[PDB]
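Containing PDB, N, CA and C atoms: structure.pdb.
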ATOM      1  N   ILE A   1      -4.650   1.106  12.313  1.00  0.00           N
ATOM      2  CA  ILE A   1      -4.681   0.697  10.914  1.00  0.00           C
ATOM      3  C   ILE A   1      -4.025   1.744  10.021  1.00  0.00           C
ATOM      4  N   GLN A   2      -3.293   1.280   9.014  1.00  0.00           N
ATOM      5  CA  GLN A   2      -2.615   2.178   8.087  1.00  0.00           C
ATOM      6  C   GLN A   2      -3.171   2.025   6.675  1.00  0.00           C
ATOM      7  N   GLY A   3      -3.542   0.800   6.319  1.00  0.00           N
ATOM      8  CA  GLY A   3      -4.086   0.542   4.998  1.00  0.00           C
ATOM      9  C   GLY A   3      -5.232   1.471   4.652  1.00  0.00           C
ATOM     10  N   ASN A   4      -5.939   1.942   5.674  1.00  0.00           N
ATOM     11  CA  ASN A   4      -7.068   2.843   5.472  1.00  0.00           C
ATOM     12  C   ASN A   4      -6.679   4.008   4.567  1.00  0.00           C
ATOM     13  N   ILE A   5      -5.879   4.924   5.102  1.00  0.00           N
ATOM     14  CA  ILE A   5      -5.433   6.085   4.341  1.00  0.00           C
ATOM     15  C   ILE A   5      -4.718   5.663   3.062  1.00  0.00           C
ATOM     16  N   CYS A   6      -3.972   4.566   3.142  1.00  0.00           N
ATOM     17  CA  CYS A   6      -3.238   4.055   1.991  1.00  0.00           C
ATOM     18  C   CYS A   6      -4.157   3.259   1.069  1.00  0.00           C
ATOM     19  N   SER A   7      -5.178   3.926   0.541  1.00  0.00           N
ATOM     20  CA  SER A   7      -6.132   3.282  -0.354  1.00  0.00           C
ATOM     21  C   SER A   7      -6.665   4.271  -1.385  1.00  0.00           C
ATOM     22  N   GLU A   8      -6.928   5.496  -0.940  1.00  0.00           N
ATOM     23  CA  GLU A   8      -7.443   6.535  -1.824  1.00  0.00           C
ATOM     24  C   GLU A   8      -6.357   7.023  -2.779  1.00  0.00           C
ATOM     25  N   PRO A   9      -6.713   7.139  -4.068  1.00  0.00           N
ATOM     26  CA  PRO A   9      -5.804   7.655  -5.096  1.00  0.00           C
ATOM     27  C   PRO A   9      -5.533   9.147  -4.935  1.00  0.00           C
ATOM     28  N   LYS A  10      -4.350   9.578  -5.358  1.00  0.00           N
ATOM     29  CA  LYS A  10      -3.967  10.982  -5.263  1.00  0.00           C
ATOM     30  C   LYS A  10      -4.930  11.863  -6.052  1.00  0.00           C
ATOM     31  N   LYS A  11      -4.920  13.157  -5.753  1.00  0.00           N
ATOM     32  CA  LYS A  11      -5.790  14.108  -6.436  1.00  0.00           C
ATOM     33  C   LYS A  11      -5.090  15.449  -6.624  1.00  0.00           C
ATOM     34  N   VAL A  12      -5.746  16.361  -7.334  1.00  0.00           N
ATOM     35  CA  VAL A  12      -5.188  17.684  -7.583  1.00  0.00           C
ATOM     36  C   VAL A  12      -5.782  18.719  -6.635  1.00  0.00           C
ATOM     37  N   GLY A  13      -7.109  18.793  -6.605  1.00  0.00           N
ATOM     38  CA  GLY A  13      -7.780  19.744  -5.736  1.00  0.00           C
ATOM     39  C   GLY A  13      -7.810  21.142  -6.322  1.00  0.00           C
ATOM     40  N   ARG A  14      -9.007  21.618  -6.650  1.00  0.00           N
ATOM     41  CA  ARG A  14      -9.167  22.949  -7.224  1.00  0.00           C
ATOM     42  C   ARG A  14      -9.493  23.973  -6.141  1.00  0.00           C
ATOM     43  N   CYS A  15      -8.889  23.799  -4.969  1.00  0.00           N
ATOM     44  CA  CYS A  15      -9.114  24.707  -3.851  1.00  0.00           C
ATOM     45  C   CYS A  15      -7.990  25.733  -3.747  1.00  0.00           C
ATOM     46  N   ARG A  16      -7.895  26.386  -2.594  1.00  0.00           N
ATOM     47  CA  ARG A  16      -6.865  27.392  -2.368  1.00  0.00           C
ATOM     48  C   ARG A  16      -5.582  26.750  -1.850  1.00  0.00           C
ATOM     49  N   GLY A  17      -4.836  26.119  -2.753  1.00  0.00           N
ATOM     50  CA  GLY A  17      -3.595  25.472  -2.368  1.00  0.00           C
ATOM     51  C   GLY A  17      -2.873  24.855  -3.550  1.00  0.00           C
ATOM     52  N   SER A  18      -1.566  25.085  -3.629  1.00  0.00           N
ATOM     53  CA  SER A  18      -0.761  24.550  -4.721  1.00  0.00           C
ATOM     54  C   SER A  18       0.676  24.308  -4.268  1.00  0.00           C
ATOM     55  N   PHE A  19       0.941  23.100  -3.783  1.00  0.00           N
ATOM     56  CA  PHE A  19       2.274  22.739  -3.315  1.00  0.00           C
ATOM     57  C   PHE A  19       2.563  21.265  -3.577  1.00  0.00           C
ATOM     58  N   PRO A  20       3.854  20.904  -3.572  1.00  0.00           N
ATOM     59  CA  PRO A  20       4.290  19.516  -3.744  1.00  0.00           C
ATOM     60  C   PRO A  20       3.943  18.646  -2.541  1.00  0.00           C
ATOM     61  N   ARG A  21       3.568  17.398  -2.806  1.00  0.00           N
ATOM     62  CA  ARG A  21       3.209  16.466  -1.744  1.00  0.00           C
ATOM     63  C   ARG A  21       3.587  15.037  -2.124  1.00  0.00           C
ATOM     64  N   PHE A  22       3.153  14.080  -1.311  1.00  0.00           N
ATOM     65  CA  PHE A  22       3.448  12.674  -1.560  1.00  0.00           C
ATOM     66  C   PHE A  22       2.230  11.803  -1.267  1.00  0.00           C
ATOM     67  N   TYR A  23       2.126  10.684  -1.976  1.00  0.00           N
ATOM     68  CA  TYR A  23       1.008   9.766  -1.794  1.00  0.00           C
ATOM     69  C   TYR A  23       1.421   8.334  -2.123  1.00  0.00           C
ATOM     70  N   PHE A  24       0.604   7.377  -1.695  1.00  0.00           N
ATOM     71  CA  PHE A  24       0.882   5.967  -1.941  1.00  0.00           C
ATOM     72  C   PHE A  24       0.053   5.446  -3.111  1.00  0.00           C
ATOM     73  N   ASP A  25       0.736   4.934  -4.130  1.00  0.00           N
ATOM     74  CA  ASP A  25       0.065   4.401  -5.310  1.00  0.00           C
ATOM     75  C   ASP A  25      -0.206   2.908  -5.154  1.00  0.00           C
ATOM     76  N   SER A  26      -1.479   2.533  -5.217  1.00  0.00           N
ATOM     77  CA  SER A  26      -1.871   1.135  -5.077  1.00  0.00           C
ATOM     78  C   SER A  26      -1.687   0.385  -6.394  1.00  0.00           C
ATOM     79  N   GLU A  27      -1.174   1.086  -7.400  1.00  0.00           N
ATOM     80  CA  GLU A  27      -0.947   0.487  -8.710  1.00  0.00           C
ATOM     81  C   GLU A  27       0.443  -0.136  -8.791  1.00  0.00           C
ATOM     82  N   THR A  28       1.407   0.494  -8.126  1.00  0.00           N
ATOM     83  CA  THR A  28       2.779   0.004  -8.124  1.00  0.00           C
ATOM     84  C   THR A  28       3.245  -0.318  -6.708  1.00  0.00           C
ATOM     85  N   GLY A  29       2.781   0.469  -5.743  1.00  0.00           N
ATOM     86  CA  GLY A  29       3.161   0.251  -4.360  1.00  0.00           C
ATOM     87  C   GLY A  29       4.321   1.127  -3.931  1.00  0.00           C
ATOM     88  N   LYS A  30       4.481   2.263  -4.603  1.00  0.00           N
ATOM     89  CA  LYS A  30       5.559   3.193  -4.287  1.00  0.00           C
ATOM     90  C   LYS A  30       5.012   4.593  -4.029  1.00  0.00           C
ATOM     91  N   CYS A  31       5.750   5.376  -3.249  1.00  0.00           N
ATOM     92  CA  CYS A  31       5.340   6.737  -2.925  1.00  0.00           C
ATOM     93  C   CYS A  31       5.708   7.699  -4.051  1.00  0.00           C
ATOM     94  N   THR A  32       4.692   8.285  -4.677  1.00  0.00           N
ATOM     95  CA  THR A  32       4.908   9.224  -5.770  1.00  0.00           C
ATOM     96  C   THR A  32       4.624  10.656  -5.330  1.00  0.00           C
ATOM     97  N   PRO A  33       5.597  11.551  -5.558  1.00  0.00           N
ATOM     98  CA  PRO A  33       5.451  12.976  -5.252  1.00  0.00           C
ATOM     99  C   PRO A  33       4.461  13.670  -6.183  1.00  0.00           C
ATOM    100  N   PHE A  34       3.234  13.852  -5.704  1.00  0.00           N
ATOM    101  CA  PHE A  34       2.194  14.502  -6.493  1.00  0.00           C
ATOM    102  C   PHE A  34       1.966  15.934  -6.018  1.00  0.00           C
ATOM    103  N   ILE A  35       0.926  16.568  -6.547  1.00  0.00           N
ATOM    104  CA  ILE A  35       0.598  17.940  -6.177  1.00  0.00           C
ATOM    105  C   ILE A  35      -0.689  17.996  -5.361  1.00  0.00           C
ATOM    106  N   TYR A  36      -0.634  18.688  -4.228  1.00  0.00           N
ATOM    107  CA  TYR A  36      -1.795  18.819  -3.356  1.00  0.00           C
ATOM    108  C   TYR A  36      -2.482  20.165  -3.562  1.00  0.00           C
ATOM    109  N   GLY A  37      -3.808  20.136  -3.657  1.00  0.00           N
ATOM    110  CA  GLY A  37      -4.565  21.360  -3.854  1.00  0.00           C
ATOM    111  C   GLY A  37      -4.770  22.128  -2.564  1.00  0.00           C
ATOM    112  N   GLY A  38      -4.175  21.635  -1.482  1.00  0.00           N
ATOM    113  CA  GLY A  38      -4.311  22.294  -0.196  1.00  0.00           C
ATOM    114  C   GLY A  38      -5.456  21.735   0.624  1.00  0.00           C
ATOM    115  N   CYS A  39      -6.649  21.724   0.040  1.00  0.00           N
ATOM    116  CA  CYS A  39      -7.832  21.214   0.724  1.00  0.00           C
ATOM    117  C   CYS A  39      -7.747  19.701   0.902  1.00  0.00           C
ATOM    118  N   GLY A  40      -8.216  19.218   2.049  1.00  0.00           N
ATOM    119  CA  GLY A  40      -8.184  17.793   2.322  1.00  0.00           C
ATOM    120  C   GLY A  40      -8.809  16.975   1.208  1.00  0.00           C
ATOM    121  N   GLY A  41      -7.967  16.339   0.399  1.00  0.00           N
ATOM    122  CA  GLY A  41      -8.462  15.531  -0.699  1.00  0.00           C
ATOM    123  C   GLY A  41      -9.260  14.333  -0.224  1.00  0.00           C
ATOM    124  N   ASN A  42      -8.685  13.144  -0.377  1.00  0.00           N
ATOM    125  CA  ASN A  42      -9.352  11.915   0.039  1.00  0.00           C
ATOM    126  C   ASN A  42      -8.856  11.464   1.409  1.00  0.00           C
ATOM    127  N   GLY A  43      -7.546  11.268   1.524  1.00  0.00           N
ATOM    128  CA  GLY A  43      -6.967  10.838   2.784  1.00  0.00           C
ATOM    129  C   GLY A  43      -5.551  10.325   2.626  1.00  0.00           C
ATOM    130  N   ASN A  44      -5.211   9.891   1.416  1.00  0.00           N
ATOM    131  CA  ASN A  44      -3.878   9.370   1.137  1.00  0.00           C
ATOM    132  C   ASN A  44      -2.910  10.503   0.806  1.00  0.00           C
ATOM    133  N   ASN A  45      -2.365  11.130   1.843  1.00  0.00           N
ATOM    134  CA  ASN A  45      -1.423  12.230   1.664  1.00  0.00           C
ATOM    135  C   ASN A  45      -0.280  12.137   2.670  1.00  0.00           C
ATOM    136  N   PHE A  46       0.886  12.640   2.280  1.00  0.00           N
ATOM    137  CA  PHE A  46       2.058  12.614   3.147  1.00  0.00           C
ATOM    138  C   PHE A  46       2.951  13.825   2.891  1.00  0.00           C
ATOM    139  N   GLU A  47       3.601  14.307   3.945  1.00  0.00           N
ATOM    140  CA  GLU A  47       4.485  15.462   3.834  1.00  0.00           C
ATOM    141  C   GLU A  47       5.821  15.067   3.212  1.00  0.00           C
ATOM    142  N   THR A  48       6.315  13.889   3.581  1.00  0.00           N
ATOM    143  CA  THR A  48       7.583  13.396   3.061  1.00  0.00           C
ATOM    144  C   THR A  48       7.429  11.998   2.471  1.00  0.00           C
ATOM    145  N   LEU A  49       8.292  11.665   1.518  1.00  0.00           N
ATOM    146  CA  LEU A  49       8.252  10.358   0.871  1.00  0.00           C
ATOM    147  C   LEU A  49       8.589   9.250   1.864  1.00  0.00           C
ATOM    148  N   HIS A  50       9.594   9.495   2.699  1.00  0.00           N
ATOM    149  CA  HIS A  50      10.014   8.518   3.698  1.00  0.00           C
ATOM    150  C   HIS A  50       8.830   8.072   4.551  1.00  0.00           C
ATOM    151  N   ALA A  51       8.214   9.023   5.244  1.00  0.00           N
ATOM    152  CA  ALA A  51       7.069   8.728   6.096  1.00  0.00           C
ATOM    153  C   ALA A  51       6.030   7.895   5.353  1.00  0.00           C
ATOM    154  N   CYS A  52       5.714   8.309   4.130  1.00  0.00           N
ATOM    155  CA  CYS A  52       4.734   7.601   3.314  1.00  0.00           C
ATOM    156  C   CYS A  52       5.055   6.111   3.247  1.00  0.00           C
ATOM    157  N   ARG A  53       6.343   5.792   3.173  1.00  0.00           N
ATOM    158  CA  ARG A  53       6.783   4.405   3.103  1.00  0.00           C
ATOM    159  C   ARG A  53       6.792   3.765   4.489  1.00  0.00           C
ATOM    160  N   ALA A  54       7.144   4.557   5.496  1.00  0.00           N
ATOM    161  CA  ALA A  54       7.191   4.069   6.870  1.00  0.00           C
ATOM    162  C   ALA A  54       5.802   4.069   7.500  1.00  0.00           C
ATOM    163  N   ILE A  55       4.797   4.416   6.704  1.00  0.00           N
ATOM    164  CA  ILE A  55       3.421   4.454   7.184  1.00  0.00           C
ATOM    165  C   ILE A  55       2.536   3.492   6.400  1.00  0.00           C
ATOM    166  N   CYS A  56       2.837   3.333   5.116  1.00  0.00           N
ATOM    167  CA  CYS A  56       2.072   2.440   4.254  1.00  0.00           C
ATOM    168  C   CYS A  56       2.712   1.056   4.200  1.00  0.00           C
ATOM    169  N   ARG A  57       4.019   1.023   3.962  1.00  0.00           N
ATOM    170  CA  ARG A  57       4.750  -0.236   3.885  1.00  0.00           C
ATOM    171  C   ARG A  57       5.278  -0.644   5.257  1.00  0.00           C
ATOM    172  N   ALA A  58       6.274   0.090   5.744  1.00  0.00           N
ATOM    173  CA  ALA A  58       6.866  -0.196   7.045  1.00  0.00           C
ATOM    174  C   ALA A  58       5.957   0.272   8.177  1.00  0.00           C
TER     175      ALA A  58
END
Rendering of file as structure tokens:
Amino acid sequence: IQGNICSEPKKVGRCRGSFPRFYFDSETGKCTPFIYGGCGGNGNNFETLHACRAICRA
């Protein structure tokens, strides 16, 4: 199943981590490059935009 991870909204995370990331928006259905706080947020996270699409959509 893929829809699982592709359900939780992106987050910031006030942990020890500050880098660019990607997530799937259930509002539009496109991969938006957000900021990851490093610590495991919810579950909807991706290293690259492509994968995010080839994992949520394709």
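For the pair atom CA of residue 50 of chain A and atom N of residue 13 of chain A, the interatomic distance is 22.5 Å.
Omitting residue 47 of chain A and its sequence neighbours fewer than 2 positions away, and counting only C-alpha atoms, the residues within 10 Å are residues 20, 21, 22, 23, 33, 45, 49, 50, 51 and 52 of chain A.
Selecting strand (DSSP E or B) from the backbone DSSP output for chain A yields residues 19, 20, 22, 23, 24, 31, 32, 35, 36 and 46 of chain A.
Distances to residue 26 of chain A were evaluated for A:55, A:4, A:10, A:43 using all atoms listed in the file, and the minimum falls at A:10.
One distance worth recording is that between atom N of residue 17 of chain A and atom CA of residue 34 of chain A, which is 14.1 Å.
Distances here use only N, CA and C atoms; by that measure, the residue among A:6, A:1, A:39, A:12 closest to residue 25 of chain A is A:6.
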